[PDB]
Amino acid sequence: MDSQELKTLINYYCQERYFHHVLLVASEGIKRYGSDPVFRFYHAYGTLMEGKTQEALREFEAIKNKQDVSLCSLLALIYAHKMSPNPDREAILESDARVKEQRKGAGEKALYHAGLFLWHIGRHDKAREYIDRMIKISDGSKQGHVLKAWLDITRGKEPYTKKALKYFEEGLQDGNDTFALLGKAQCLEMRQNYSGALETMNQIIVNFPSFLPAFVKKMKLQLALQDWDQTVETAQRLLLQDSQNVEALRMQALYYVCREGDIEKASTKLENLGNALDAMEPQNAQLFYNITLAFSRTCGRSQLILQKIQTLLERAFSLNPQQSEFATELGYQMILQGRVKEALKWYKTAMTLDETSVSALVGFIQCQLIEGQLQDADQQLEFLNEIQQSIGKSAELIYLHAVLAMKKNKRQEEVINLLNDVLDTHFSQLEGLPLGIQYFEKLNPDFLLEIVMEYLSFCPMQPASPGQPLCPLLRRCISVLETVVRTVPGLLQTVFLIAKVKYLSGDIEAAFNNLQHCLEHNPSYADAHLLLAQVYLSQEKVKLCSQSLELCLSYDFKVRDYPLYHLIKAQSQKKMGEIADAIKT
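Residues numbered from 1 in each chain as written, not as in the entry; some residues may be left out. Part of a larger assembly, values for the part shown. Heavy atoms only, no water. Residues with missing side-chain atoms left out of burial classes, pairs and counts.

As recorded in the PDB header, cryo-EM is the method behind this entry, and the stated resolution is 3.7 Å.

Structure follows, in structure tokens:
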């Protein structure tokens, strides 16, 4: 492989902060090309970001001899002073003087590396200034143009995107560099040109059939185009080329969880992904936290997936016990597992670690509402609302307000307005998001299912006769549930809730179809049997209703304690004329 390919791969892996991936690529470059100082610089850089400064500083001092890496090594020393808990102010001033002296005698490659480093840190302005400096020095070097184009697209501004696209066109007119190709693919991504982005990715594949990030971007774009089969095939191809790629395994697990619903195969793939990631990238807890979100949201509260997620999150917390978001996500997951007390402990830990974790306080207030600690929850809710000015409107805050209204048994219309605001905010946060991993991260099917459960708890279960104007809540229930099913068809609980809402809306046939689908996908789901018995009773098919009731009772006898089954059996007995049997039931 070419050294240019290795450099571009290092840049891409740094962009996604794949630290040990950067180390591995640097080591492979050193083995294939040891005289290059960029490889040893990137080894030092990845070593520093892993957490080993003892060799990082030594390597920085060693490569300070070569100017083109000395400038970026001075910037690296500045950043090394930056993350240290007790930076030396005199050392900071000395490094500032040395780096400004290097800036006086700057070079195109030195400024290139320094701008890349500043971009990795996030200081876009200084990196842009260094890019302009190298452009002036080298009279518009192509690499500087493509790097500032990447800065422009990553700056998150639409007018910058057109300039970046022009720079990419200029670069790719003469040079078949992977950097400009990836930049053009990104540009096509922001303009939502998924087909064109896939065409560009395929062209890159033709240029380089050994570039994993190109295939990964192609897979994500396919997922955006709503053809899961092509995404699965791309993941299979990646596993063929590299059996231990994190993204492909993640996407396969997502396909099992969200599309097929096969919990066991999804768990197997998740376990393999976790083992491979621990073997290859064990010192990036942020990657673990980013991985676990979609599985936590879209698992359908399956205990095996939840346990795997809890194990991964515990490993992440062990890696960095100083992340407020880590403990907040642990508390949310613990709530998903149904363990209230562990959730309370984890939220206490989260708020102690950092009181600025507003989400942690929100979760603790939710836990207090769960446990009925009305006074403490009310006081902390007042505190959160009075400090919301620095926080702004959030869906969880309005949902907690709705839950508090439910607990206080306030007017139904007030709760309706609060929950409508909740749905409006949650769908606004989802506006314009392409169908992807972030879509499942921010859709939160469990949250919408809980919202629908609250709606059904408020709404009477007396079926509405056809032609009666339904409440807007039920219409929005149908809309959101259909949206979730379309996005995540592998969750049968959404189908069950669709059947429930349709039955409450008088559309008996749709509820019957959904119940049949649920039974076909899972014959053991007793609630589907019970609702089907209600539907059959509404359809005057008493024998089928009785048989469904018998099936439900056989699948679980605790349904006897459920009053709904008793009421349905009584209605069936009334239908077939056994008045005494109905009285007995």
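That was the structure; now back to the text.
Focus: the overall build of the chain
Secondary structure summary: the chain contains 33 helices and zero strands in total. Seen through its principal axes, the chain has C-alpha atoms that stretch 100 × 55 × 40 Å. For the chain, restricting intrachain contacts to residue pairs at least 6 apart in sequence, the fraction spanning at least 24 positions comes to 57%. (Helix = DSSP H or I, 4+ residues; strand = E, 2+ residues; numbered from the N terminus. Contact = heavy atoms within 4.5 Å.)

Quick word on the environment of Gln 286
Here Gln 286 lies in helix α17 (residues 285–298). In this structure the C-alpha to C-alpha distance between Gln 286 and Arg 89, which are 197 residues apart in sequence, comes to 30 Å.

So, the side chain of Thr 234
Relative to the helices and strands, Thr 234 resides in helix α14 (residues 228–241). There is a polar contact of 2.4 Å between the side chain of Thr 234 and the side chain of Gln 222. (Polar contact = N/O pair within 3.5 Å; in protein donor to acceptor, adjacent residues only side chain to side chain.)

Considerations on helix α32 (residues 563–575)
Look at α32: 18 Å from first C-alpha to last across 13 residues, which is about the 18 Å you get at 1.5 Å a residue. Taken together, the buried positions of α32 are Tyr 565, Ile 568, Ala 570, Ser 572 and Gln 573. Looking at the residues trailing α32, positive phi occurs at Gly 577, about 90 degrees. (Expected span 1.5 Å × (residues − 1). Buried < 20%, exposed > 50% of the residue type's maximum accessible area, 1.4 Å probe, protein only.)

With respect to the packing of helix α1 (residues 3–15) against helix α2 (residues 19–32)
In the contact formed by α1 and α2, the axes pass within 9 Å of each other and the chain directions differ by 170 degrees. Classed by the angle they form, the pair α1 and α2 counts as roughly antiparallel. The two elements α1 and α2 cross, and the hand of that crossing is left-handed. On α2, the residues touching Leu 6, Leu 9, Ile 10, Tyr 13 and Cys 14 of α1 are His 21, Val 22, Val 25, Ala 26, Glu 28 and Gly 29. Taken together, the residues of the contact of α1 with α2 sort by class into eight nonpolar, two polar and one charged. (Axes fitted to C-alpha atoms, helices over the stretch in contact; angles between N-to-C directions. Parallel < 35°, antiparallel > 145°, perpendicular 65-115°, else oblique. Left-handed = near helix turned anticlockwise from the far one by under 90°. Nonpolar A, V, L, I, M, F, W, Y, C, P; charged D, E, K, R; others polar.)

Observations concerning the environment of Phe 288
Within the secondary structure, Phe 288 is located in helix α17. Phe 288 sits in the buried class, given a relative accessible area of 1%. Spatially, the C-alpha atom of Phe 288 lies 6.5 Å from that of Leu 312, the residues being 24 residues apart in sequence. Among all residues touching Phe 288, those that are not within four sequence positions of it are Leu 277, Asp 278, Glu 281, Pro 282, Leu 312, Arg 315, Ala 316 and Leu 319.

A few points about the nonpolar core
Formed by 188 residues in total, the largest nonpolar core has its most connected members in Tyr 42, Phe 60, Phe 168, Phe 295 and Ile 451. Beyond its immediate stretch of four places on either side in the chain, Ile 451 contacts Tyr 399, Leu 419, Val 422 and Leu 423. (Core = buried A, V, L, I, M, F, W, Y, C linked by side-chain atoms within 4.5 Å.)

Some points on the pattern of salt bridges
Taken as a whole and assessed by the stated rule, the structure comprises 18 salt bridges. A salt bridge links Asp 152 to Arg 128; its shortest N-O distance comes to 3.8 Å. Here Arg 128 lies in helix α8 (residues 124–138) and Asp 152 lies in helix α9 (residues 142–154), a separation of 24 residues in the sequence. The exposure class assigned to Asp 152 is buried, which follows from its relative accessible area of 7%. Close ionic contact of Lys 575 with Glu 540 constitutes a salt bridge, the shortest N to O distance being 2.7 Å. Of this pair, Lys 575 sits in helix α32 while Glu 540 sits in the loop between α30 (526–538) and α31 (542–555), and the two are 35 residues apart along the sequence. Judged by its relative accessible area of 41%, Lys 575 is partly exposed. The class of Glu 540 is partly exposed, set by a relative accessible area of 47%. Linked through salt bridges whose partners overlap, the residues forming this network are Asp 125, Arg 128, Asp 152 and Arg 155. (Salt bridge = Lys/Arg side-chain N within 4 Å of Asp/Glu carboxyl O.)

Examining the state of the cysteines
Counted under the stated rule, the structure contains zero disulfides. Between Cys 477, a free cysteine, and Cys 459, which holds the nearest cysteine sulfur, the sulfur-to-sulfur gap is 6.5 Å. Residue class for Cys 477 comes out buried when judged on its relative accessible area of 0%. (Disulfide = S-S within 2.5 Å.)

Considering the side chain of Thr 231
Looking at the secondary structure, you find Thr 231 in helix α14. Judged by its relative accessible area of 1%, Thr 231 is buried. Not counting chain neighbours up to four residues away, the residues in contact with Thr 231 comprise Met 219, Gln 222, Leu 223 and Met 251.

Considering the environment of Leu 564
Tracing the backbone shows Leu 564 in helix α32. Look at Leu 564 and you get partly exposed, because its relative accessible area is 31%. Taking the C-alpha atoms as reference, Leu 564 lies 71 Å from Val 38; in sequence the two are 526 residues apart. Apart from the residues within four sequence positions on either side, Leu 564 is in contact with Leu 530 and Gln 534.

Quick notes on α31
The terminal C-alpha atoms of α31, which comprises 14 residues, lie 20 Å apart, in line with the 20 Å expected from a rise of 1.5 Å per residue. Listing the buried residues of α31 in full gives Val 542, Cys 545, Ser 546, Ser 548, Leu 549, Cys 552 and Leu 553. Mapping the buried residues of α31 onto a view down its axis gives an arc of 160 degrees, with all of them on the same face. Exposed side chains of α31 directed beyond 90 degrees from the buried face belong to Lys 543 and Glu 550. The inward-facing, buried residues of α31 abut α30 and α32. (Arc of directions from axis to C-beta.)

Some remarks on the packing of aromatic side chains
Counted according to the given criterion, the structure contains 19 aromatic pairs. Each ring, one from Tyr 255 and one from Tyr 256, has its centre 5.7 Å from the other, and the planes form 55 degrees; the classification is tilted. According to the relative accessible area criterion, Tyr 255 is buried, its value standing at 16%. Among the aromatic side chains, those forming a connected cluster through ring pairs are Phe 41, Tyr 42, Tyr 45, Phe 60, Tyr 79 and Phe 117. (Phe/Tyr/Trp six-rings, centres within 6.5 Å; stacked < 30°, edge-to-face > 60°.)

Focus: unusual backbone geometry
For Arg 17, which is not a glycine, the phi torsion comes out positive at approximately 60 degrees. Assignment of secondary structure puts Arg 17 in the loop between α1 and α2. At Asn 409, a position not held by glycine, the phi torsion is positive, near 55 degrees. By the element assignment, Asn 409 lies in the loop between α23 (395–408) and α24 (412–429).

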